[PDB]
>>> print(open('start-v3.cif').read())   # mmCIF, C-alpha atoms and all ligand atoms
data_target
#
loop_
_atom_site.label_atom_id
_atom_site.label_comp_id
_atom_site.auth_asym_id
_atom_site.auth_seq_id
_atom_site.Cartn_x
_atom_site.Cartn_y
_atom_site.Cartn_z
CA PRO D 2 9.91 -18.13 8.00
CA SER D 3 7.95 -14.98 7.08
CA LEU D 4 10.99 -12.68 6.52
CA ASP D 5 11.47 -14.81 3.33
CA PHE D 6 8.07 -13.70 1.90
CA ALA D 7 8.63 -10.09 3.07
CA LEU D 8 12.10 -10.00 1.38
CA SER D 9 10.70 -11.45 -1.88
CA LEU D 10 7.96 -8.81 -1.86
CA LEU D 11 10.48 -6.00 -1.13
CA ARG D 12 12.71 -6.94 -4.08
CA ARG D 13 10.19 -8.00 -6.78
CA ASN D 14 7.09 -5.78 -5.98
CA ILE D 15 7.98 -2.78 -3.74
CA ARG D 16 9.48 0.47 -5.16
CA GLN D 17 10.59 3.79 -3.61
CA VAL D 18 8.56 6.59 -5.20
CA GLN D 19 8.30 10.36 -4.86
CA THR D 20 5.33 12.57 -5.89
CA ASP D 21 4.83 16.30 -5.17
CA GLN D 22 3.30 15.10 -1.86
CA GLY D 23 6.51 13.36 -0.70
CA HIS D 24 8.19 9.96 -0.39
CA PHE D 25 6.05 6.77 -0.39
CA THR D 26 6.38 3.01 -0.73
CA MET D 27 4.59 1.75 -3.89
CA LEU D 28 3.40 -1.89 -4.32
CA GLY D 29 3.40 -3.26 -7.88
CA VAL D 30 0.65 -5.95 -7.97
CA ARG D 31 0.78 -7.33 -11.58
CA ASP D 32 1.42 -6.19 -15.17
CA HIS D 33 2.08 -2.39 -15.03
CA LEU D 34 -0.49 -1.92 -12.18
CA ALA D 35 0.56 -0.53 -8.79
CA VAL D 36 -1.15 0.73 -5.63
CA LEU D 37 -0.32 3.82 -3.52
CA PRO D 38 -1.97 5.67 -0.61
CA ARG D 39 -4.61 8.07 -2.08
CA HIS D 40 -2.92 11.05 -0.35
CA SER D 41 0.29 10.52 -2.41
CA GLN D 42 -1.89 12.09 -5.19
CA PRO D 43 0.17 10.83 -8.18
CA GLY D 44 0.08 13.12 -11.27
CA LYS D 45 1.15 12.54 -14.89
CA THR D 46 4.63 11.35 -13.85
CA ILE D 47 6.19 9.78 -10.74
CA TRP D 48 9.79 9.22 -9.55
CA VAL D 49 10.19 5.41 -9.26
CA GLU D 50 13.66 4.49 -7.84
CA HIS D 51 14.90 8.02 -8.93
CA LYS D 52 13.75 7.53 -12.63
CA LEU D 53 10.86 9.63 -14.09
CA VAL D 54 7.99 7.31 -15.10
CA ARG D 55 4.75 8.25 -16.90
CA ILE D 56 1.41 7.37 -15.32
CA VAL D 57 -0.87 6.13 -18.15
CA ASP D 58 -3.86 6.12 -15.71
CA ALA D 59 -4.75 6.52 -11.99
CA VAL D 60 -8.05 5.77 -10.11
CA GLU D 61 -8.89 6.62 -6.43
CA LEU D 62 -10.65 3.45 -5.18
CA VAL D 63 -14.09 3.71 -3.43
CA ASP D 64 -16.45 1.23 -1.74
CA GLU D 65 -19.92 0.33 -3.32
CA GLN D 66 -21.40 3.62 -1.94
CA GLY D 67 -18.46 5.78 -3.19
CA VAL D 68 -16.73 6.05 0.21
CA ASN D 69 -12.93 6.59 0.17
CA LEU D 70 -10.71 3.49 0.68
CA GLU D 71 -7.52 5.72 0.76
CA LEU D 72 -5.95 3.77 -2.18
CA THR D 73 -5.06 4.87 -5.75
CA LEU D 74 -4.41 2.31 -8.55
CA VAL D 75 -1.82 3.49 -11.12
CA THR D 76 -0.97 2.11 -14.55
CA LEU D 77 2.74 2.82 -15.10
CA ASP D 78 4.58 3.19 -18.46
CA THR D 79 7.26 0.62 -17.29
CA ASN D 80 9.18 -1.80 -19.64
CA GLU D 81 8.77 -5.02 -17.54
CA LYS D 82 5.71 -6.38 -15.64
CA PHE D 83 5.57 -6.86 -11.82
CA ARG D 84 5.40 -10.51 -10.57
CA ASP D 85 1.65 -11.14 -10.12
CA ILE D 86 1.02 -11.31 -6.34
CA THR D 87 -2.81 -11.18 -6.57
CA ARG D 88 -3.01 -14.83 -5.32
CA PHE D 89 -1.37 -13.53 -2.03
CA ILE D 90 -4.14 -10.93 -1.55
CA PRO D 91 -7.11 -12.32 0.42
CA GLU D 92 -10.61 -12.28 -1.20
CA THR D 93 -12.18 -11.05 2.09
CA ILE D 94 -10.65 -8.78 4.76
CA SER D 95 -9.63 -10.87 7.82
CA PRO D 96 -7.54 -10.14 10.92
CA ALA D 97 -3.97 -11.59 11.01
CA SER D 98 -1.24 -12.41 13.60
CA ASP D 99 2.51 -11.70 13.38
CA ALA D 100 2.36 -9.08 10.59
CA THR D 101 5.36 -7.17 9.16
CA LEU D 102 5.24 -3.73 7.54
CA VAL D 103 7.65 -3.68 4.54
CA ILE D 104 8.74 -0.10 3.81
CA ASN D 105 11.19 1.47 1.30
CA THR D 106 11.47 5.34 0.97
CA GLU D 107 14.39 7.87 1.03
CA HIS D 108 13.25 8.81 4.58
CA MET D 109 12.93 5.04 5.54
CA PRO D 110 15.14 2.81 3.32
CA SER D 111 14.38 -1.00 3.02
CA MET D 112 13.07 -1.92 6.48
CA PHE D 113 10.95 -4.73 7.97
CA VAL D 114 8.85 -3.63 10.97
CA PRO D 115 7.09 -6.33 13.05
CA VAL D 116 3.71 -4.73 14.00
CA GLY D 117 2.00 -7.80 15.58
CA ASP D 118 -1.77 -8.38 15.10
CA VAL D 119 -3.65 -6.51 12.33
CA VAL D 120 -7.41 -6.20 12.94
CA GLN D 121 -10.36 -4.56 11.14
CA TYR D 122 -10.98 -1.03 12.37
CA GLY D 123 -13.58 0.08 9.71
CA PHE D 124 -14.63 3.76 9.69
CA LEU D 125 -11.90 6.46 9.96
CA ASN D 126 -12.10 10.21 9.32
CA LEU D 127 -8.92 10.84 7.25
CA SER D 128 -8.11 14.62 6.95
CA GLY D 129 -11.93 15.05 7.02
CA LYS D 130 -12.73 12.29 4.41
CA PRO D 131 -14.92 9.41 5.59
CA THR D 132 -12.85 6.24 4.87
CA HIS D 133 -13.95 2.54 5.05
CA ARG D 134 -12.20 -0.86 5.37
CA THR D 135 -9.21 0.42 7.45
CA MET D 136 -7.25 -1.93 9.73
CA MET D 137 -5.16 -1.26 12.82
CA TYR D 138 -1.97 -2.59 14.45
CA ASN D 139 -0.65 -1.70 17.90
CA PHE D 140 2.64 -0.13 16.61
CA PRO D 141 3.61 3.59 16.77
CA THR D 142 4.11 4.11 12.97
CA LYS D 143 5.80 7.36 11.92
CA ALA D 144 6.73 9.82 9.14
CA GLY D 145 7.87 8.09 5.94
CA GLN D 146 6.12 4.66 6.46
CA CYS D 147 3.09 5.48 4.15
CA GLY D 148 2.58 2.97 1.33
CA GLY D 149 4.35 0.42 3.55
CA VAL D 150 3.03 -3.09 2.79
CA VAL D 151 1.35 -5.14 5.58
CA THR D 152 2.18 -8.89 5.11
CA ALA D 153 1.44 -11.86 7.43
CA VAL D 154 1.79 -15.64 6.85
CA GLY D 155 2.38 -15.41 3.03
CA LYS D 156 -0.47 -12.81 2.57
CA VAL D 157 -0.45 -9.13 1.41
CA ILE D 158 -3.28 -7.52 3.41
CA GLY D 159 -2.82 -3.72 3.62
CA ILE D 160 -1.14 -0.41 2.73
CA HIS D 161 -0.04 1.86 5.61
CA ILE D 162 -1.83 5.27 5.57
CA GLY D 163 -1.69 6.82 9.07
CA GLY D 164 -1.02 6.74 12.80
CA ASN D 165 -2.01 8.43 16.06
CA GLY D 166 1.43 8.06 17.75
CA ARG D 167 0.41 4.76 19.43
CA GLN D 168 -1.28 2.65 16.71
CA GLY D 169 -0.94 2.44 12.94
CA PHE D 170 -3.68 2.16 10.31
CA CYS D 171 -3.67 0.61 6.83
CA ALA D 172 -6.14 0.46 3.92
CA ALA D 173 -7.12 -3.22 3.51
CA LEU D 174 -6.35 -4.96 0.19
CA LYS D 175 -8.85 -7.40 -1.41
CA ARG D 176 -8.08 -9.51 -4.49
CA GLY D 177 -11.22 -8.11 -6.18
CA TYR D 178 -9.52 -4.65 -6.27
CA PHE D 179 -7.20 -5.99 -9.05
CA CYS D 180 -9.98 -7.91 -10.96
CA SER D 181 -13.24 -6.69 -12.69
CA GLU D 182 -15.06 -10.03 -11.85
CA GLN D 183 -15.15 -9.18 -8.09
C1 LIG D 201 2.16 9.13 5.66
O1 LIG D 201 1.59 10.12 4.78
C2 LIG D 201 3.67 9.18 5.52
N1 LIG D 201 4.19 10.00 4.45
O2 LIG D 201 4.44 8.58 6.25
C3 LIG D 201 1.68 9.43 7.11
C4 LIG D 201 1.99 8.37 8.16
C5 LIG D 201 1.76 8.86 9.59
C6 LIG D 201 2.61 10.06 9.99
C7 LIG D 201 2.98 9.85 11.45
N2 LIG D 201 2.68 8.44 11.66
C8 LIG D 201 2.14 7.82 10.63
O3 LIG D 201 1.93 6.58 10.53
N3 LIG D 201 0.23 9.61 7.06
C9 LIG D 201 -0.35 10.76 7.39
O4 LIG D 201 0.25 11.76 7.80
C10 LIG D 201 -1.88 10.71 7.36
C11 LIG D 201 -2.41 11.44 6.16
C12 LIG D 201 -3.18 12.65 6.67
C13 LIG D 201 -3.12 12.67 8.20
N4 LIG D 201 -2.42 11.42 8.52
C14 LIG D 201 -2.17 10.93 9.75
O5 LIG D 201 -1.65 9.82 9.92
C15 LIG D 201 -2.55 11.84 10.92
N5 LIG D 201 -3.27 11.02 11.86
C16 LIG D 201 -4.37 10.34 11.49
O6 LIG D 201 -4.96 10.57 10.43
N6 LIG D 201 -4.78 9.42 12.38
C17 LIG D 201 -5.79 8.37 12.15
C18 LIG D 201 -7.17 8.96 11.85
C19 LIG D 201 -5.31 7.49 10.99
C20 LIG D 201 -5.85 7.58 13.45
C21 LIG D 201 -1.39 12.64 11.58
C22 LIG D 201 -1.94 13.36 12.82
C23 LIG D 201 -0.81 13.71 10.66
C24 LIG D 201 -0.26 11.69 12.00
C25 LIG D 201 -3.91 11.53 5.95
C26 LIG D 201 -4.44 11.82 4.56
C27 LIG D 201 -4.82 10.60 6.72
NA NA D 202 6.69 4.19 3.11
#
>>> encode(input="start-v3.cif", output="structure tokens")
Amino acid sequence: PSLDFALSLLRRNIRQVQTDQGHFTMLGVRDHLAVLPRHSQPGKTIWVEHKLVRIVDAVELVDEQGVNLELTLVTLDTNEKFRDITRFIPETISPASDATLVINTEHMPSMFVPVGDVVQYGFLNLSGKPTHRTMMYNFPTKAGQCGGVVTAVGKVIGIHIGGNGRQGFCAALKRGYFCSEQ
């Protein structure tokens, strides 16, 4: 049952964080590497579970032509490594059924939100930035769900970034994002 996978991910890979931009869900992917929504704009340090943590390095991810993907990769000065979940990230972006959004912020503590089908949306204007590889679910997402992890059928497929009051939008994850070979 999928709540099993979602729980595992919540406890081993998902952290509450705070930046100067607000409260977000962060996904640790492997080693000291984590992913956030670009608009969290992490600086030199970040609150992770109410402890101050140094960011060694941060990169705003782009597609081949330099278009925004609305994701930032951070290298954290943490003591222990995240369980490697890269094998749960698909190589290519595909639609999925029966997805759950796994969220954990001060505004939205540990919650599992069934969002249904997640499908490729593509081009989005995000606060005036052209953005590629977005996906959509027919769920009215709200304040404090950003960084929320989209999971379906043992797969980690997106990071929640926005909503229009009716639908919710995530930045797709691909395995190649955590790997220099792809
Ligand atoms: C997120 O930052 C958070 N902290 O929860 C938030 C999630 C939104 C808020 C209400 N419902 C949600 O799912 N994301 C944002 O506020 C993003 C952020 C800025 C605008 N934005 C939006 O979601 C806006 N709508 C929007 O961009 N709609 C699309 C184009 C995605 C259909 C808005 C009007 C503030 C809710 C940026 C950088 C995209
Ligand atoms: Na969140």
>>> residues_near_ligand(input="start-v3.cif", ligand="ligand NA 202 (chain D)", cutoff="8 Å", atoms="only C-alpha atoms and all ligand atoms", output="ChimeraX atom specification")
/D:17,24-27,104-106,109,145-149,161
>>> residues_near_ligand(input="start-v3.cif", ligand="ligand LIG 201 (chain D)", cutoff="7 Å", atoms="all atoms listed in the file", output="JSON, numbers by chain")
{"D": [23, 24, 25, 40, 125, 126, 127, 128, 142, 143, 144, 145, 146, 147, 162, 163, 164, 165, 166, 169, 170]}
>>> closest_residue(input="start-v3.cif", among="D:14, D:95, D:9, D:121", to="residue D:155", atoms="all atoms listed in the file")
D:9
>>> atom_distance(input="start-v3.cif", atom1="atom CA of residue D:71", atom2="atom CA of residue D:38")
5.7 Å
>>> residues_around(input="start-v3.cif", residues="residue D:103", least_positions_apart="5", cutoff="7 Å", atoms="all atoms listed in the file", output="PyMOL selection string")
chain D and resi 7+11+112-114+149-151
>>> residues_around(input="start-v3.cif", residues="residue D:167", least_positions_apart="4", cutoff="9 Å", atoms="all atoms listed in the file", output="list in words")
residues 139, 140, 141 and 142 of chain D
>>> atom_distance(input="start-v3.cif", atom1="atom CA of residue D:72", atom2="atom CA of residue D:52")
22.6 Å
>>> atom_distance(input="start-v3.cif", atom1="atom CA of residue D:44", atom2="atom CA of residue D:133")
24.0 Å
>>> residues_around(input="start-v3.cif", residues="stretch 54-67 of chain D", least_positions_apart="4", cutoff="6 Å", atoms="only C-alpha atoms", output="ChimeraX atom specification")
/D:45-47,72-78
>>> write_last_selection(input="start-v3.cif", atoms="C-alpha atoms", output="short mmCIF file (atom, residue, chain, number, x, y, z; two decimals), in the frame of the given file")
data_model
loop_
_atom_site.label_atom_id
_atom_site.label_comp_id
_atom_site.auth_asym_id
_atom_site.auth_seq_id
_atom_site.Cartn_x
_atom_site.Cartn_y
_atom_site.Cartn_z
CA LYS D 45 1.15 12.54 -14.89
CA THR D 46 4.63 11.35 -13.85
CA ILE D 47 6.19 9.78 -10.74
CA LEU D 72 -5.95 3.77 -2.18
CA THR D 73 -5.06 4.87 -5.75
CA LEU D 74 -4.41 2.31 -8.55
CA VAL D 75 -1.82 3.49 -11.12
CA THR D 76 -0.97 2.11 -14.55
CA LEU D 77 2.74 2.82 -15.10
CA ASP D 78 4.58 3.19 -18.46
#
>>> residues_around(input="start-v3.cif", residues="residue D:118", least_positions_apart="4", cutoff="10 Å", atoms="only C-alpha atoms", output="JSON list (two decimals) with C-alpha atoms, in the frame of the given file")
[["chain", "number", "residue", "atom", "x", "y", "z"],
["D", 96, "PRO", "CA", -7.54, -10.14, 10.92],
["D", 97, "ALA", "CA", -3.97, -11.59, 11.01],
["D", 98, "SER", "CA", -1.24, -12.41, 13.60],
["D", 99, "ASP", "CA", 2.51, -11.70, 13.38],
["D", 100, "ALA", "CA", 2.36, -9.08, 10.59],
["D", 101, "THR", "CA", 5.36, -7.17, 9.16],
["D", 137, "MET", "CA", -5.16, -1.26, 12.82],
["D", 138, "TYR", "CA", -1.97, -2.59, 14.45],
["D", 139, "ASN", "CA", -0.65, -1.70, 17.90],
["D", 140, "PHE", "CA", 2.64, -0.13, 16.61],
["D", 153, "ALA", "CA", 1.44, -11.86, 7.43]]
>>> closest_residue(input="start-v3.cif", among="D:48, D:92, D:4, D:123", to="residue D:183", atoms="only C-alpha atoms")
D:92
>>> closest_residue(input="start-v3.cif", among="D:29, D:110, D:115, D:91", to="residue D:3", atoms="only C-alpha atoms")
D:115
>>> closest_residue(input="start-v3.cif", among="D:8, D:172, D:119, D:94", to="residue D:159", atoms="only C-alpha atoms")
D:172
>>> decode(input="start-v3.cif", residues="stretch 37-171 of chain D", atoms="C-alpha atoms", output="PDB file, in the first residue's frame")
ATOM      1  CA  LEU D  37      14.116  22.622  -2.804  1.00  0.00           C
ATOM      2  CA  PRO D  38      11.821  24.859  -4.889  1.00  0.00           C
ATOM      3  CA  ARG D  39      14.001  27.560  -6.568  1.00  0.00           C
ATOM      4  CA  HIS D  40      11.878  30.321  -4.973  1.00  0.00           C
ATOM      5  CA  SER D  41      12.923  29.191  -1.449  1.00  0.00           C
ATOM      6  CA  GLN D  42      16.218  30.935  -2.468  1.00  0.00           C
ATOM      7  CA  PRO D  43      18.479  29.215   0.120  1.00  0.00           C
ATOM      8  CA  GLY D  44      21.480  31.321   1.292  1.00  0.00           C
ATOM      9  CA  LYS D  45      24.638  30.387   3.228  1.00  0.00           C
ATOM     10  CA  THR D  46      22.627  28.729   6.026  1.00  0.00           C
ATOM     11  CA  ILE D  47      19.193  27.110   6.363  1.00  0.00           C
ATOM     12  CA  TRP D  48      17.014  26.059   9.344  1.00  0.00           C
ATOM     13  CA  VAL D  49      16.596  22.257   9.007  1.00  0.00           C
ATOM     14  CA  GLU D  50      14.233  20.883  11.732  1.00  0.00           C
ATOM     15  CA  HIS D  51      14.941  24.119  13.794  1.00  0.00           C
ATOM     16  CA  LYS D  52      18.812  23.617  13.680  1.00  0.00           C
ATOM     17  CA  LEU D  53      21.052  26.052  11.704  1.00  0.00           C
ATOM     18  CA  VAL D  54      22.839  24.154   8.892  1.00  0.00           C
ATOM     19  CA  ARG D  55      25.498  25.490   6.496  1.00  0.00           C
ATOM     20  CA  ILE D  56      24.942  25.225   2.748  1.00  0.00           C
ATOM     21  CA  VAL D  57      28.300  24.208   1.192  1.00  0.00           C
ATOM     22  CA  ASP D  58      26.820  24.790  -2.323  1.00  0.00           C
ATOM     23  CA  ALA D  59      23.516  25.526  -4.156  1.00  0.00           C
ATOM     24  CA  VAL D  60      22.664  25.396  -7.924  1.00  0.00           C
ATOM     25  CA  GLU D  61      19.391  26.555  -9.623  1.00  0.00           C
ATOM     26  CA  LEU D  62      18.676  23.768 -12.160  1.00  0.00           C
ATOM     27  CA  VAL D  63      17.992  24.659 -15.864  1.00  0.00           C
ATOM     28  CA  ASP D  64      17.042  22.662 -18.976  1.00  0.00           C
ATOM     29  CA  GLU D  65      19.547  22.235 -21.957  1.00  0.00           C
ATOM     30  CA  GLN D  66      18.675  25.776 -23.210  1.00  0.00           C
ATOM     31  CA  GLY D  67      19.034  27.386 -19.721  1.00  0.00           C
ATOM     32  CA  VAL D  68      15.280  27.563 -19.008  1.00  0.00           C
ATOM     33  CA  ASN D  69      14.232  27.510 -15.317  1.00  0.00           C
ATOM     34  CA  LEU D  70      13.082  24.129 -13.864  1.00  0.00           C
ATOM     35  CA  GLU D  71      12.106  25.841 -10.509  1.00  0.00           C
ATOM     36  CA  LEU D  72      14.455  23.514  -8.519  1.00  0.00           C
ATOM     37  CA  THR D  73      17.625  24.270  -6.483  1.00  0.00           C
ATOM     38  CA  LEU D  74      20.100  21.495  -5.496  1.00  0.00           C
ATOM     39  CA  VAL D  75      21.824  22.125  -2.132  1.00  0.00           C
ATOM     40  CA  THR D  76      24.851  20.443  -0.577  1.00  0.00           C
ATOM     41  CA  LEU D  77      24.317  20.538   3.203  1.00  0.00           C
ATOM     42  CA  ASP D  78      27.004  20.446   5.953  1.00  0.00           C
ATOM     43  CA  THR D  79      25.100  17.558   7.733  1.00  0.00           C
ATOM     44  CA  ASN D  80      26.779  14.744   9.809  1.00  0.00           C
ATOM     45  CA  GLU D  81      24.868  11.747   8.301  1.00  0.00           C
ATOM     46  CA  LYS D  82      23.918  10.977   4.654  1.00  0.00           C
ATOM     47  CA  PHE D  83      20.298  10.728   3.355  1.00  0.00           C
ATOM     48  CA  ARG D  84      19.124   7.224   2.245  1.00  0.00           C
ATOM     49  CA  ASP D  85      19.773   7.208  -1.525  1.00  0.00           C
ATOM     50  CA  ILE D  86      16.329   7.333  -3.220  1.00  0.00           C
ATOM     51  CA  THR D  87      17.658   8.052  -6.753  1.00  0.00           C
ATOM     52  CA  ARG D  88      16.492   4.541  -7.900  1.00  0.00           C
ATOM     53  CA  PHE D  89      12.882   5.747  -7.064  1.00  0.00           C
ATOM     54  CA  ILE D  90      13.238   8.766  -9.392  1.00  0.00           C
ATOM     55  CA  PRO D  91      12.190   7.966 -12.989  1.00  0.00           C
ATOM     56  CA  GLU D  92      14.752   8.461 -15.824  1.00  0.00           C
ATOM     57  CA  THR D  93      12.062  10.090 -18.041  1.00  0.00           C
ATOM     58  CA  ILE D  94       9.077  12.241 -16.982  1.00  0.00           C
ATOM     59  CA  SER D  95       5.842  10.177 -17.226  1.00  0.00           C
ATOM     60  CA  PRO D  96       2.275  10.737 -16.009  1.00  0.00           C
ATOM     61  CA  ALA D  97       1.147   8.763 -12.893  1.00  0.00           C
ATOM     62  CA  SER D  98      -2.120   7.669 -11.186  1.00  0.00           C
ATOM     63  CA  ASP D  99      -2.982   7.769  -7.463  1.00  0.00           C
ATOM     64  CA  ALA D 100      -0.253  10.232  -6.381  1.00  0.00           C
ATOM     65  CA  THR D 101       0.267  11.573  -2.827  1.00  0.00           C
ATOM     66  CA  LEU D 102       1.878  14.899  -1.918  1.00  0.00           C
ATOM     67  CA  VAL D 103       4.058  14.420   1.213  1.00  0.00           C
ATOM     68  CA  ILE D 104       4.458  17.738   3.037  1.00  0.00           C
ATOM     69  CA  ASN D 105       6.173  18.779   6.322  1.00  0.00           C
ATOM     70  CA  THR D 106       6.432  22.533   7.317  1.00  0.00           C
ATOM     71  CA  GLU D 107       5.549  24.575  10.467  1.00  0.00           C
ATOM     72  CA  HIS D 108       2.481  25.871   8.537  1.00  0.00           C
ATOM     73  CA  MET D 109       1.633  22.249   7.348  1.00  0.00           C
ATOM     74  CA  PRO D 110       3.106  19.594   9.702  1.00  0.00           C
ATOM     75  CA  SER D 111       3.592  15.937   8.446  1.00  0.00           C
ATOM     76  CA  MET D 112       0.643  15.412   6.074  1.00  0.00           C
ATOM     77  CA  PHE D 113      -0.187  13.052   3.191  1.00  0.00           C
ATOM     78  CA  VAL D 114      -2.450  14.625   0.535  1.00  0.00           C
ATOM     79  CA  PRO D 115      -3.952  12.347  -2.157  1.00  0.00           C
ATOM     80  CA  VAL D 116      -3.875  14.496  -5.361  1.00  0.00           C
ATOM     81  CA  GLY D 117      -4.920  11.814  -7.930  1.00  0.00           C
ATOM     82  CA  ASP D 118      -3.379  11.808 -11.449  1.00  0.00           C
ATOM     83  CA  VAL D 119      -0.174  13.796 -12.138  1.00  0.00           C
ATOM     84  CA  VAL D 120       0.332  14.714 -15.805  1.00  0.00           C
ATOM     85  CA  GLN D 121       2.913  16.695 -17.821  1.00  0.00           C
ATOM     86  CA  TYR D 122       1.939  20.334 -18.173  1.00  0.00           C
ATOM     87  CA  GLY D 123       5.236  21.696 -19.697  1.00  0.00           C
ATOM     88  CA  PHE D 124       5.586  25.489 -20.076  1.00  0.00           C
ATOM     89  CA  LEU D 125       4.562  27.737 -17.135  1.00  0.00           C
ATOM     90  CA  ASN D 126       5.251  31.439 -16.530  1.00  0.00           C
ATOM     91  CA  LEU D 127       6.322  31.456 -12.829  1.00  0.00           C
ATOM     92  CA  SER D 128       6.398  35.042 -11.363  1.00  0.00           C
ATOM     93  CA  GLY D 129       7.438  36.058 -14.920  1.00  0.00           C
ATOM     94  CA  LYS D 130      10.145  33.329 -15.390  1.00  0.00           C
ATOM     95  CA  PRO D 131       9.629  30.889 -18.263  1.00  0.00           C
ATOM     96  CA  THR D 132       9.702  27.397 -16.629  1.00  0.00           C
ATOM     97  CA  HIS D 133       9.827  23.933 -18.317  1.00  0.00           C
ATOM     98  CA  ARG D 134       8.992  20.320 -17.321  1.00  0.00           C
ATOM     99  CA  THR D 135       6.143  21.231 -14.866  1.00  0.00           C
ATOM    100  CA  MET D 136       3.381  18.727 -14.046  1.00  0.00           C
ATOM    101  CA  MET D 137      -0.169  19.236 -12.840  1.00  0.00           C
ATOM    102  CA  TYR D 138      -2.664  17.509 -10.504  1.00  0.00           C
ATOM    103  CA  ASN D 139      -6.336  18.371 -10.087  1.00  0.00           C
ATOM    104  CA  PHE D 140      -6.038  19.341  -6.349  1.00  0.00           C
ATOM    105  CA  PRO D 141      -6.450  22.865  -4.877  1.00  0.00           C
ATOM    106  CA  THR D 142      -2.950  23.098  -3.238  1.00  0.00           C
ATOM    107  CA  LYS D 143      -2.412  25.986  -0.816  1.00  0.00           C
ATOM    108  CA  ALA D 144       0.001  28.119   1.253  1.00  0.00           C
ATOM    109  CA  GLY D 145       2.726  26.068   2.958  1.00  0.00           C
ATOM    110  CA  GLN D 146       2.708  22.982   0.596  1.00  0.00           C
ATOM    111  CA  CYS D 147       5.803  24.142  -1.486  1.00  0.00           C
ATOM    112  CA  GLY D 148       8.629  21.591  -1.584  1.00  0.00           C
ATOM    113  CA  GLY D 149       5.974  18.918  -0.955  1.00  0.00           C
ATOM    114  CA  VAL D 150       7.064  15.625  -2.560  1.00  0.00           C
ATOM    115  CA  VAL D 151       4.864  14.009  -5.271  1.00  0.00           C
ATOM    116  CA  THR D 152       5.049  10.158  -4.966  1.00  0.00           C
ATOM    117  CA  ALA D 153       3.021   7.468  -6.807  1.00  0.00           C
ATOM    118  CA  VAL D 154       3.453   3.650  -6.934  1.00  0.00           C
ATOM    119  CA  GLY D 155       6.941   3.583  -5.265  1.00  0.00           C
ATOM    120  CA  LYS D 156       8.218   6.563  -7.402  1.00  0.00           C
ATOM    121  CA  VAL D 157       9.345  10.127  -6.449  1.00  0.00           C
ATOM    122  CA  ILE D 158       8.258  12.261  -9.420  1.00  0.00           C
ATOM    123  CA  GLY D 159       7.948  15.948  -8.430  1.00  0.00           C
ATOM    124  CA  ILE D 160       8.341  18.906  -6.046  1.00  0.00           C
ATOM    125  CA  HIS D 161       5.275  21.129  -5.450  1.00  0.00           C
ATOM    126  CA  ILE D 162       5.851  24.767  -6.572  1.00  0.00           C
ATOM    127  CA  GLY D 163       2.471  26.468  -7.177  1.00  0.00           C
ATOM    128  CA  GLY D 164      -1.295  26.478  -7.610  1.00  0.00           C
ATOM    129  CA  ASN D 165      -4.116  28.476  -9.188  1.00  0.00           C
ATOM    130  CA  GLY D 166      -6.729  27.667  -6.476  1.00  0.00           C
ATOM    131  CA  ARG D 167      -8.067  24.661  -8.454  1.00  0.00           C
ATOM    132  CA  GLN D 168      -4.989  22.698  -9.634  1.00  0.00           C
ATOM    133  CA  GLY D 169      -1.477  22.233  -8.279  1.00  0.00           C
ATOM    134  CA  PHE D 170       1.832  22.243 -10.164  1.00  0.00           C
ATOM    135  CA  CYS D 171       5.148  20.522  -9.428  1.00  0.00           C
TER     136      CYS D 171
END
